[PDB]
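Okay, work.pdb is below, PDB, C-alpha atoms:
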```pdb
ATOM      1  CA  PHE A 978      11.375  -8.218   7.157
ATOM      2  CA  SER A 979      12.693  -4.804   6.090
ATOM      3  CA  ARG A 980      13.709  -6.260   2.705
ATOM      4  CA  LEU A 981      10.198  -7.442   1.757
ATOM      5  CA  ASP A 982       6.515  -6.675   2.164
ATOM      6  CA  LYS A 983       4.094  -8.650   4.340
ATOM      7  CA  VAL A 984       2.505 -11.072   1.832
ATOM      8  CA  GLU A 985       5.236 -13.393   0.508
ATOM      9  CA  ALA A 986       7.289 -13.306   3.721
ATOM     10  CA  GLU A 987       5.298 -16.301   5.003
ATOM     11  CA  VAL A 988       7.000 -18.734   2.623
ATOM     12  CA  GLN A 989      10.279 -16.981   3.481
ATOM     13  CA  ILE A 990       9.697 -17.445   7.230
ATOM     14  CA  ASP A 991       8.091 -20.911   7.120
ATOM     15  CA  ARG A 992      11.399 -22.366   5.928
ATOM     16  CA  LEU A 993      13.176 -20.632   8.826
ATOM     17  CA  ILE A 994      10.694 -22.089  11.335
ATOM     18  CA  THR A 995      10.458 -25.676  10.027
ATOM     19  CA  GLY A 996      14.193 -26.184   9.548
ATOM     20  CA  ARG A 997      14.862 -24.741  12.998
ATOM     21  CA  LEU A 998      12.244 -27.220  14.275
ATOM     22  CA  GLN A 999      12.990 -30.289  12.138
ATOM     23  CA  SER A1000      16.671 -30.105  13.098
ATOM     24  CA  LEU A1001      15.676 -29.954  16.767
ATOM     25  CA  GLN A1002      13.491 -33.011  16.148
ATOM     26  CA  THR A1003      16.468 -34.947  14.771
ATOM     27  CA  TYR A1004      18.618 -34.188  17.825
ATOM     28  CA  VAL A1005      15.938 -35.433  20.232
ATOM     29  CA  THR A1006      15.657 -38.762  18.399
ATOM     30  CA  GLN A1007      19.419 -39.228  18.782
ATOM     31  CA  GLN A1008      19.120 -38.805  22.556
ATOM     32  CA  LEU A1009      16.390 -41.459  22.769
ATOM     33  CA  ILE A1010      18.609 -44.087  21.125
ATOM     34  CA  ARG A1011      21.557 -43.379  23.424
ATOM     35  CA  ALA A1012      19.293 -43.390  26.483
ATOM     36  CA  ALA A1013      18.030 -46.817  25.404
ATOM     37  CA  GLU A1014      21.681 -47.951  25.353
ATOM     38  CA  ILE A1015      22.762 -46.566  28.736
ATOM     39  CA  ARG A1016      19.665 -48.145  30.290
ATOM     40  CA  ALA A1017      20.861 -51.554  29.095
ATOM     41  CA  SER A1018      24.371 -50.888  30.424
ATOM     42  CA  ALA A1019      23.160 -49.598  33.799
ATOM     43  CA  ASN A1020      21.127 -52.755  34.437
ATOM     44  CA  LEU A1021      24.235 -54.854  33.774
ATOM     45  CA  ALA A1022      26.133 -52.873  36.416
ATOM     46  CA  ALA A1023      23.392 -53.514  38.979
ATOM     47  CA  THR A1024      23.557 -57.241  38.223
ATOM     48  CA  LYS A1025      27.350 -57.151  38.550
ATOM     49  CA  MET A1026      27.079 -55.347  41.893
TER      50      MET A1026
ATOM     51  CA  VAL B 392     -19.505  -6.296   2.646
ATOM     52  CA  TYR B 393     -17.853  -2.909   2.151
ATOM     53  CA  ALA B 394     -17.416  -0.752  -0.950
ATOM     54  CA  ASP B 395     -15.088   2.256  -1.104
ATOM     55  CA  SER B 396     -14.657   4.600  -4.067
ATOM     56  CA  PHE B 397     -12.229   7.406  -4.939
ATOM     57  CA  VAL B 398      -9.956   8.569  -7.776
ATOM     58  CA  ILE B 399      -6.146   8.684  -7.908
ATOM     59  CA  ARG B 400      -3.385   9.073 -10.478
ATOM     60  CA  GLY B 401      -2.634   6.348 -12.994
ATOM     61  CA  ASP B 402       0.842   5.588 -11.644
ATOM     62  CA  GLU B 403      -0.325   5.222  -8.015
ATOM     63  CA  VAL B 404      -2.829   2.402  -8.620
ATOM     64  CA  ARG B 405      -0.057  -0.149  -8.055
ATOM     65  CA  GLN B 406       0.453   1.449  -4.626
ATOM     66  CA  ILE B 407      -3.060   0.406  -3.537
ATOM     67  CA  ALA B 408      -2.089  -3.225  -2.909
ATOM     68  CA  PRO B 409      -1.200  -4.073   0.713
ATOM     69  CA  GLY B 410       2.420  -3.909   1.798
ATOM     70  CA  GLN B 411       3.819  -1.220  -0.484
ATOM     71  CA  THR B 412       5.277   1.880   1.168
ATOM     72  CA  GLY B 413       4.797   5.338  -0.289
ATOM     73  CA  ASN B 414       2.871   8.583  -0.114
ATOM     74  CA  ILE B 415      -0.721   7.550  -0.841
ATOM     75  CA  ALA B 416      -0.354   4.196   0.952
ATOM     76  CA  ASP B 417       0.989   5.684   4.205
ATOM     77  CA  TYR B 418      -0.745   9.075   4.531
ATOM     78  CA  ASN B 419      -4.233   8.777   2.994
ATOM     79  CA  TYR B 420      -5.582   5.219   2.740
ATOM     80  CA  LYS B 421      -4.066   1.770   3.230
ATOM     81  CA  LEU B 422      -5.081  -1.851   3.765
ATOM     82  CA  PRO B 423      -4.052  -4.313   6.500
ATOM     83  CA  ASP B 424      -1.475  -6.991   5.775
ATOM     84  CA  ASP B 425      -4.079  -9.767   6.211
ATOM     85  CA  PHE B 426      -6.683  -8.046   4.029
ATOM     86  CA  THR B 427      -9.365 -10.176   2.371
ATOM     87  CA  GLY B 428     -11.117  -8.968  -0.775
ATOM     88  CA  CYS B 429      -9.743  -7.109  -3.773
ATOM     89  CA  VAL B 430      -9.748  -3.895  -5.806
ATOM     90  CA  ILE B 431     -11.087  -2.843  -9.207
ATOM     91  CA  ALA B 432      -9.877   0.128 -11.249
ATOM     92  CA  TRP B 433     -10.558   1.539 -14.703
ATOM     93  CA  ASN B 434      -9.838   4.626 -16.773
ATOM     94  CA  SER B 435     -12.187   7.603 -16.478
ATOM     95  CA  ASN B 436     -10.419  10.395 -18.379
ATOM     96  CA  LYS B 437     -13.477  10.710 -20.628
ATOM     97  CA  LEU B 438     -15.541  11.650 -17.550
ATOM     98  CA  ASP B 439     -13.314  13.214 -14.885
ATOM     99  CA  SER B 440     -10.536  14.765 -16.981
TER     100      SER B 440
END
```
Structure translated into C-alpha cells:
Amino acid sequence: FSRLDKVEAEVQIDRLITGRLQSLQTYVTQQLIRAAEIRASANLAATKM
Amino acid sequence: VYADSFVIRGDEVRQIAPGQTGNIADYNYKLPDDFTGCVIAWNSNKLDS
C-alpha cells in the first residue's frame, strides 16, 4: 500500500486474494477425496464387526 | 455533472490525478481514489501571464 497509489493496486491485490483463495480451494478438494476413502473403509469395519 | 475551474503552475498539473501525494494535492484540492470523470488543461500564458 505505502509503496503505490490507489489505482493500480487492485491488480496487485487481486493476485494476493485469488492465490490465497485458489490454494485454499485445492486443499478442500483433497479432503473430499480422503473422506470418500475413509467412508468406504469404515463401512467394511462395521460389516466385519 | 460538475465543472470546476482554477489555475496552477505548469509542473503541478501532473499532481492533479488521484493518488499522488504532495502540496497542492493534500492541502488545497484533491480527488477521491474511486473518482469518475477526468480533467482538461491547457496553456494560458497569453492571457493570465
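Counting all atoms listed in the file, the residue from B:434, B:411, B:440, B:418 that sits nearest to chain A is B:411.
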Using only C-alpha atoms, which protein or nucleic acid residues come within 12 Å of residue B:429? Drop anything in the same chain fewer than 4 positions from it, and give the result as a PyMOL selection string. chain B and resi 392-395+407-409+422+425
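Applied to this file, the PyMOL selection byres ((chain A) within 10 of (chain B)) selects the residues residues 981, 982, 983, 984 and 985 of chain A.
Take atom CA of residue B:433 and atom CA of residue B:414: the distance between them is 21.0 Å.
The gap separating atom CA of residue B:437 from atom CA of residue B:399 is 14.8 Å, in Å to one decimal.
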As AutoDock Vina command-line options, what would the box around stretch 982-992 of chain A look like: edges along x, y and z, 4 Å added on every side, centre and edge lengths in Å to one decimal?
```
--center_x 7.0 --center_y -14.5 --center_z 3.9 --size_x 16.9 --size_y 23.7 --size_z 14.7
```
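Computed from the coordinates, the atom CA of residue B:405 to atom CA of residue B:417 distance equals 13.6 Å.
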10 Å contact set for residue B:404, all atoms listed in the file, chain neighbours under 6 positions out, as a ChimeraX atom specification: /B:398,415,430-433
